[PDB]
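Order of listing sets the numbers, starting from 1, for every ligand and every atom in it. All chains are named by letter (A, B, ...) in the order of the sequence lines, taking the proteins before the strands, and each is independently numbered beginning at 1.
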Amino acid sequence: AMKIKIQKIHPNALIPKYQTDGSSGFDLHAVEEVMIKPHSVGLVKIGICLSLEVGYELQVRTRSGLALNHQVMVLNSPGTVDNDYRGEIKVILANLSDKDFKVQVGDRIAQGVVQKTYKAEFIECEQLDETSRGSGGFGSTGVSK
Amino acid sequence: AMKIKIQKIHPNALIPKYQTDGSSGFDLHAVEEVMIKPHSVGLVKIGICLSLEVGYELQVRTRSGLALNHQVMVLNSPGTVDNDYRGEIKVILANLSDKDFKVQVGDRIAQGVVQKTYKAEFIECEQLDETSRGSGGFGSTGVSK
Amino acid sequence: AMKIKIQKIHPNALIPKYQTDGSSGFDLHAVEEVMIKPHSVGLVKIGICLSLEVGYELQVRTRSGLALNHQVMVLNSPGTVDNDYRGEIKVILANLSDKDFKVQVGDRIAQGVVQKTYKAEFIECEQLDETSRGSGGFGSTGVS
Ligand SMILES: O=c1ccn([C@H]2C[C@H](O)[C@@H](COP(=O)(O)NP(=O)(O)OP(=O)(O)O)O2)c(=O)[nH]1
Ligand SMILES: O=c1ccn([C@H]2C[C@H](O)[C@@H](COP(=O)(O)NP(=O)(O)OP(=O)(O)O)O2)c(=O)[nH]1
Ligand SMILES: O=c1ccn([C@H]2C[C@H](O)[C@@H](COP(=O)(O)NP(=O)(O)OP(=O)(O)O)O2)c(=O)[nH]1
Ligand SMILES: [Mg+2]
Ligand SMILES: [Mg+2]
Ligand SMILES: [Mg+2]
């Protein structure tokens, strides 16, 4: 669909792979060990710099297994990697558990998902068109069946 | 439009609905009652298995009302449901509040949003093209100026 | 490109800007001060109402800097702003730190990213096609 130029900047850097054929995302591998204390955050280096084809972004998303089993997630999920970013890809992991969480070298601790981007042009208006939803949000449709 | 084949695998399973005509997401209904303690996570079963038309993924997203009013969210938001996944759709709910949170059968506790997928091919390079953002990230553009 | 009609409903409201030329998102500016206590949430008003071109949604996403440095994030990230919503854009910020976090007027405390929407029609089936992933999820591919 699209091309990503990848520059490795760490000996342990891995080109990400789609772990199944129909996978949305490719898993991101830590290049260094990081210990994340209870109720804190750590910054995990992926040791890669990217140039996405124009018109695409990369989302950095939480992996479901680590969330369920260790209460670890990507704190800024979905992390926005901009088309024009040329720095190192890094992942902000939060440990919401009561236990230490250790990231080892090669551990897949997030997934990257490419999405097409769409630029907005804003037009100032005195009034908007009316809809049925209108100003309803934040639970306006209820919870209970 | 696109089509989703849905198989109900639990007696309390419900076909998800778009709650307003221009809603992005369709709401996902719990099939079991689950109590989620303060500062913990619970697994909510939706009792459905999906086959999305090829080319599409499902995102499992937090509902704003429950986040604001109960500090309940989908811990892996946006949860990645792969085109090729044929298992049961499940939601990891975190309770970040100090109060017990009870999910009742039929409760709409997350939403599914269909998105088109875009597969990357990686080309490894020695150097990338330069941009004005460059390696600036993690707050490089400031907060108040 | 696509068009968003924007109505300001607060004197401090700003038209959001893409902060770099290749930025996915436009930053959302608070119009009122909000104090968010440790392990709490606050609702931040952006003072704008939108009408997106049909076929598009707005995602309200966490900014990486504030998450890393202050453990502040958008609690419902990515927040779903529906095509048919005509109310004020608001941001649910959670403070997961042990320190007070103050939002000042003008502070860019989230970003908006436009995405195209795709409406599903459900067809109920007794059986689904088989795949290689099959029922594997929640760690089925490993961590190492
Ligand atoms: O970050 C957000 C998310 C939602 N909203 C508004 C606009 C959106 O169209 C509306 C509903 O969003 P959700 O469907 O994500 N939340 P929920 O299902 O609780 O509310 P509702 O019952 O109104 O659909 O709330 C915001 O202003 N900010
Ligand atoms: O998960 C992430 C998110 C961001 N980043 C990098 C790439 C992105 O282009 C850059 C800025 O992302 P955000 O705009 O989401 N963060 P923030 O607005 O704080 O930073 P900046 O001021 O540089 O835009 O940070 C990562 O490496 N990982
Ligand atoms: O919110 C979610 C996310 C995932 N899933 C299922 C479907 C998805 O295809 C599968 C794997 O999702 P992730 O890739 O996000 N999780 P992880 O990488 O831990 O599992 P796996 O190793 O199977 O890919 O889990 C859910 O049911 N709900
Ligand atoms: Mg996975
Ligand atoms: Mg809703
Ligand atoms: Mg930014």
Engineer: Between the candidates A:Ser23, C:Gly137, B:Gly112, A:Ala110, which shows the shortest non-hydrogen contact distance to atom 25 (O) of ligand 3?
Structural biologist: C:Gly137
Engineer: For C:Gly55 and C:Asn83, work out which heavy atoms get closest and say how close.
Structural biologist: N-ND2, 3.9 Å
Engineer: May I ask whether B:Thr80 has any heavy atom positioned less than 4.0 angstrom from an atom of ligand 3?
Structural biologist: yes
Engineer: Within the supplied structure, the quantity of interest is the number of heavy atoms (other residues, nucleotides, ligands) at a distance under 6.0 Å from C:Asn69 CG; does it exceed 12?
Structural biologist: yes
Engineer: Polar-atom distance check: C:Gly142 versus ligand 3, any N or O pair below 3.5 Å?
Structural biologist: no
Engineer: Looking only at protein heavy atoms, which one is nearest to atom 26 (C) of ligand 1, and what is the separation?
Structural biologist: A:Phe138 CZ, 3.3 Å
Engineer: Suppose I only count heavy atoms of C:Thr141 and a 4.0 Å limit; which atoms of ligand 3 are within that range?
Structural biologist: 21 (P), 22 (O), 23 (O), 24 (O)
Engineer: Is NZ or CZ of C:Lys116 both nearer than 6.0 Å to the six-membered ring centre of C:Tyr56 and within 45° of the ring axis?
Structural biologist: yes
Engineer: Should C:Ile89 be counted as touching ligand 1, given the test is an N or O pair under 3.5 Å?
Structural biologist: no
Engineer: Could you tell me whether B:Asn76 and ligand 3 have an N or O pair separated by under 3.5 Å?
Structural biologist: yes
Engineer: Tell me yes or no: between the side chains of B:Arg61 and B:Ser77, is some donor less than 3.5 Å from an acceptor?
Structural biologist: no
Engineer: Work out whether the distance between some heavy atom of B:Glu88 and some atom of ligand 3 is less than 4.0 Å.
Structural biologist: yes
Engineer: Any side-chain donor paired with an acceptor under 3.5 Å for C:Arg133 and C:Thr141?
Structural biologist: no
Engineer: I'd like to check which ligand 1 atoms, numbered from 1 as shown, lie under 4.0 Å from a non-hydrogen atom of C:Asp82.
Structural biologist: 8 (C), 9 (O), 10 (C), 11 (C), 12 (O), 14 (O)
Engineer: Could you check whether any heavy atom of C:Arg133 sits closer than 4.0 Å to an atom of ligand 3, since that is the contact criterion I want to use?
Structural biologist: yes
Engineer: Could an N or O of ligand 3 be found under 3.5 Å from any N or O of B:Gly79, whether backbone or side chain?
Structural biologist: no
Engineer: Name the closest protein heavy atom to atom 16 (N) of ligand 1, giving the residue it belongs to and the distance to 0.1 Å.
Structural biologist: B:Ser64 OG, 2.8 Å
Engineer: Side chains of C:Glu57 and B:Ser24: is there a donor and an acceptor less than 3.5 Å apart?
Structural biologist: yes
Engineer: Atoms of ligand 3 less than 4.0 Å from A:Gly65 heavy atoms?
Structural biologist: 19 (O)
Engineer: Angle between ring planes, C:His70 versus C:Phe101, binned at 30° and 60°: parallel, tilted or perpendicular?
Structural biologist: tilted
Engineer: Centre of A:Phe122's six-membered ring, under 6.0 Å away, within 45 degrees of the axis: is that where NZ or CZ of C:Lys3 sits?
Structural biologist: no
Engineer: What residue and heavy atom of the protein are closest to atom 20 (O) of ligand 1, and at what distance?
Structural biologist: A:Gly139 N, 2.9 Å
Engineer: Only heavy atoms of C:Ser140, strictly under 4.0 Å: list the atoms of ligand 3 that pass.
Structural biologist: 20 (O), 21 (P), 22 (O), 23 (O)
Engineer: Work out whether the distance between some heavy atom of A:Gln111 and some atom of ligand 3 is less than 4.0 Å.
Structural biologist: yes
Engineer: Of all the heavy atoms in B:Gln19, does at least one lie under 4.0 Å from an atom in ligand 1?
Structural biologist: no
